[PDB]
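Note sheet for the following structure.
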Amino acid sequence: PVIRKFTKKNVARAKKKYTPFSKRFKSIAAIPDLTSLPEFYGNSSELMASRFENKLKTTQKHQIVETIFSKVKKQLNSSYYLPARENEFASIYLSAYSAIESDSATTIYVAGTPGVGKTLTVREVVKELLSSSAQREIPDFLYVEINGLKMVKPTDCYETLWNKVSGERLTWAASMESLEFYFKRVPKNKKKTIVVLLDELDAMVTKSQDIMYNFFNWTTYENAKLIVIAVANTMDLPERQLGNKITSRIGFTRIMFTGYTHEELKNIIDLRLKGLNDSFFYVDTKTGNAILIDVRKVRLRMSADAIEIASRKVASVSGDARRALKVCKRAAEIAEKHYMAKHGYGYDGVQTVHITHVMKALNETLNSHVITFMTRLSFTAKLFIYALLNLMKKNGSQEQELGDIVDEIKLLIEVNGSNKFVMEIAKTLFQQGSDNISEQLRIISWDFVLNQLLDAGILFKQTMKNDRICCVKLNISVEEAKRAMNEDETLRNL
Amino acid sequence: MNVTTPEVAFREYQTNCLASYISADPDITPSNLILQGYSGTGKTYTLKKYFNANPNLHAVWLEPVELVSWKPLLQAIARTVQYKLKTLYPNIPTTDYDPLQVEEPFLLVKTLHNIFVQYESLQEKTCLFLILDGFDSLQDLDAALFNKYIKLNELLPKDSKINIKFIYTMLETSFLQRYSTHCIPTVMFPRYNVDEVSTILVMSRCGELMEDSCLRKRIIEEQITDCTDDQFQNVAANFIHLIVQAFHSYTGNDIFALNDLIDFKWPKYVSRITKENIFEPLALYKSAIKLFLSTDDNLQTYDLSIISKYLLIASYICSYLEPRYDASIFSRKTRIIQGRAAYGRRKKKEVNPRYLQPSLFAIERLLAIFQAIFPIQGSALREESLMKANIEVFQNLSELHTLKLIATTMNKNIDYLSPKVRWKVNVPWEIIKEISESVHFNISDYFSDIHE
Amino acid sequence: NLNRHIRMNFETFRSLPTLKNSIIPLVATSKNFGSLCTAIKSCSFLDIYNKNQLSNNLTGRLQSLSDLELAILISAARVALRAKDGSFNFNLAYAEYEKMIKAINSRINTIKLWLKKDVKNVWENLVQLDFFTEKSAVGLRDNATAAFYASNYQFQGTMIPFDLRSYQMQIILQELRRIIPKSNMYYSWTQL
DNA sequence: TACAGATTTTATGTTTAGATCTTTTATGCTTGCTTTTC
DNA sequence: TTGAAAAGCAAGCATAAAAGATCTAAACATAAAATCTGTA
Ligand SMILES: Nc1ncnc2c1ncn2[C@@H]1O[C@H](COP(=O)(O)OP(=O)(O)OP(O)(O)=S)[C@@H](O)[C@H]1O
Ligand SMILES: Nc1ncnc2c1ncn2[C@@H]1O[C@H](COP(=O)(O)OP(=O)(O)OP(O)(O)=S)[C@@H](O)[C@H]1O
Ligand SMILES: [Mg+2]
Ligand SMILES: [Mg+2]
């Protein structure tokens, strides 16, 4: 045969066809009704879940103990009635209902900051629309959800949509022409409205505006019945991508989701804990199992001051809801740990949570752990930091040479040769305590402390093979290093 | 424990540490081990002797210098592991995995796990030693490859009957200090003294030297030599000692350079001997004093045309002289319009500018000076005595440039026709001096004035 | 002695794995129980281990150089001290070397003055042992792509002839003065 | 009148040729002063 | 001698230019699944 110049022995290719849709049913007048086909619109395909489920199952439960705080922790996750988001719900629902009722196409753009709750309210709107359609008030439709961060290649959207509307399996380009023909030329008497939910839109338009332009433009055609809802972080993202005139031609609806306040967040937290708060529980003393209404009758309380202070702190900085929920959950977890530790329980009066637990859980996310890290470092590393600070206090250049640091360390050692500690540390620092080792040039354990400081994210060193003129710089500002040095004793004194 | 320590000449502590670290029990042995030492320090010799002293230990030898990348290294590992495991146990049925399928570090782990699964019918856990002898000699090396081979020992199965352990042999210290935080056990091989080098050199190239045919021919052409073996060994040892004492200050503590000089200077020293001084080392030393002073480790200088010969000199003058003083050196004609020449330099430079990098000039100045210094061309109204720049001058200049004797501002696909291009010289003073002396030109007079 | 070594590790390294690696050969080397007891009583093996661990650093190579290499190194350091940015090359170093040798000979057996072609080998040997580095050269790149990019470009340092490459020093003259013993005959020349 | 054959479509790996930006050193203008010619 | 002129020297300075880091796109190259094309 032939001699290959290189080989690819780990190539895997999926079985997908190439011929687009506008070659199948011949003339346009020969297209049958697509509503009644058993493969179109997912009419009969409801067995994909059973293909891979029942694999992660096992048969054993050794009477898992459920402490009192377990219920509170379980009922406070980010998965388990919208209290604040009502205007956006009304606007989106009205737009979508008007679009569905009159058999038209439309585009809704939602922009916001993380944790506001845009996906939740969009899904709630979709559920309400599905219920209304099942009530036989508007023509039935299909709901397709497409995410942006859950795809390997960015151009995998097209085929997915096609695979959710036809049952075929084509490549991305052929899917693009198939979708174009389907949305343009198929008559409106043989289709069904589709509600796409393009999500994390900013992750698709990163090399070109092709996907966004196509998806937004497919709503312009008269024969199409598409209703696109796209959510994103930045508000004026399409303008920065497509252009003013194209956007003006398209004419979509725009909605902005502002952050939360310290009242709405507290309302959310209080709503998520209604039945549990101020209730009664039967608790077994031997094990610790708790049952909602020998054994004891106890109560669970959560101080409103703790909720208020947590909401006030969280809403001040970001406006999230996930972080507030997680803070409350962590406070409950700390209280549960203390309770089990005190009562000597294990895995398999009025118990409350005070403001102290919430404050302790809140301080863990704001404080930094650099000062504590340096107040426990070795003597040589602290000497290195001290020499660097001294050189910076003279040159004021923020980027020092390494040989200068070595010379400064040597001068500092040789000029204070009258203090007891540095008098008796010199031999262990230069000859490691033995009389058979010649006097070293740099220090004992130079590279070790250098790499220990450089790995932790405290120093920055440029790459040069000459190890005497390499430049290093700090990365934690200067006041923190000054505090860390001042907390010492032998370095403070000299 | 249960291992045997071999006897190496001047590597006692290294041998003790090696016997302390590696053994046949996977429970007590380190997953990684580094041996460090510069060129010609005696590490592969010690390791090979140690493995030859203990035949129970299994080992696979690689040399990541023939392999010049990481993908070939992975494939070589995946192939040699299979080959060694097949040749050792022949009664275990097994399939074959193509080494060329290994293209990524993860695929190497998958293939190694698949290979190690089959040999699960063995009695007790063993250990297989993989010696990457020369890890620092990879041609395209970066500071990330080692971080993968360090952690490769955690993704493999933990309860398999075949355990793999790595052993590296590293040259430099700057590379090794990069990974000093990992705290991997190390054994360092310091360089040799002079006495140790002399003794090692004698012990190595003493026996082999005497069975050479040259000395046999020289003694069959000569008379009898009683006490043949002892006298021959003494002669060899004396020659080795003489060559060491002569060229230690030039070869350093390098075994290879001395081992090459000994072979270089043997065929003549054996010719210089004779019967009347075969038993007199001193007189023999006097009779062969010539080959102990000059090392001689080397293998018109150029064959250029006349105009190229002067063109190189003109380029050198252009590059290593300052333009402001040009007019004072070459103006040699009368004037009709009133004018004055240049006064010239007032003080001499004290740096001898020929010790520094050459400067840049222009083509026009080069042509002008070439015309100025070119020898005169061999009813004078139509003489045209001065040489003019015709086609062949430019052709020879291009020939000079393409031979790397003239450089320019180096960038890909130069365009010779642009004002932003300048030239310079790439020959040392010796070559230009030889060229000048080969055409009867006194170049030194131009440079003696500034500094001899 | 064990407490003293522990305290030294605490004040210098502060890491258990280093001490563990130090202790392993101490207990794996002894052959008899009495030997183990006396080794743990005296801890004389840890000194040998520490001495070896420092046997290839910057000051461990300087004590394994011949006379000519030491003289060339001293001359190069002297030349590099006077320069503005510390750069030098072969010709200046050899000129300083020959001046120093002539001064030594005239002051006073005569010391042989090796020729240029014999000093070339010593220069290459010194640049191999990582005593000089090129003018402005990076070492090993951080990742593979950077090395691949750099391997396709011809640096200007490999086109200039041998005599004009600009090197830089890694040991300053003061360190030579500190390290070299006072009995050496080149000691007086280690300061300007 | 298929089907083993040749051809096309979608999908990544391997090496060469050229472009833009950042850091550091060399080149030329200016201003004031003074030796050299003549 | 004669200083007026040209030539020479030096300090302070701005600004072009060299050397290399970081990246992109064309040319060169291999491969599995689907379509196309002569004839049983
Ligand atoms: N009005 C609300 N009522 C109850 N829970 C809410 C409300 N708003 C937000 N949440 C919480 O917010 C959690 C996160 O979901 P979302 O806020 O919809 O996420 P998101 O807005 O898509 O965030 P991204 O993806 O980072 S922009 C939900 O699981 C809810 O617990
Ligand atoms: N301790 C020793 N005893 C006897 N002969 C030795 C000793 N050390 C080295 N030699 C000899 O000198 C040679 C030097 O080569 P090696 O020791 O193998 O070099 P090396 O250290 O492997 O060099 P690199 O690192 O691979 S360039 C050996 O092959 C022996 O012939
Ligand atoms: Mg979301
Ligand atoms: Mg070797």
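Using Swiss-Prot numbers, chain B covers 1-299, 320-398, 406-479, in order.
How was it done? The header gives electron microscopy, 3.2 Å.
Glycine is treated like the rest: Cβ placed from N, Cα and C.
So that you can see what the record holds, here are the features copied from Swiss-Prot:
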type: BINDING; residues: B:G37, B:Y38, B:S39, B:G40, B:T41, B:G42, B:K43, B:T44; note: ATP binding site
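Distribution of Swiss-Prot features across the structure.
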residue	record	contacts (Cβ under 8 Å, 6+ apart)
B:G37	ATP binding site	B:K43, B:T169, B:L171, B:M188, B:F189, B:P190, B:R191
B:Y38	ATP binding site	B:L171, B:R191
B:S39	ATP binding site	B:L171, B:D254, B:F256
B:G40	ATP binding site	B:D254, B:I255, B:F256
B:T41	ATP binding site	B:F189, B:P190, B:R191, B:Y192
B:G42	ATP binding site	B:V8, B:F10, B:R11, B:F189, B:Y192
B:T44	ATP binding site	B:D133, B:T169
Around the Cβ of B:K43 (ATP binding site), the count of other Cβ atoms that are within 10 Å: 21
Intermolecular Cβ proximity, binding-site residues B:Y38, B:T41, B:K43 versus chain C, under 8 Å: B:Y38
Close-lying binding-site residues around ligand 2 among B:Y38, B:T41, B:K43, where CB distance stays under 6 Å: B:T41, B:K43
Shell list (ATP; ref centroid = CB of B:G37, B:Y38, B:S39, B:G40, B:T41, B:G42, B:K43, B:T44; cutoff 8 A): B:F189
Close-lying binding-site residues around ligand 4 among B:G37, B:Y38, B:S39, B:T41, B:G42, B:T44, where CB distance stays under 6 Å: B:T44
DSSP-derived class (H/G/I helix, E/B strand, else coil) of B:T44 (ATP binding site): helix
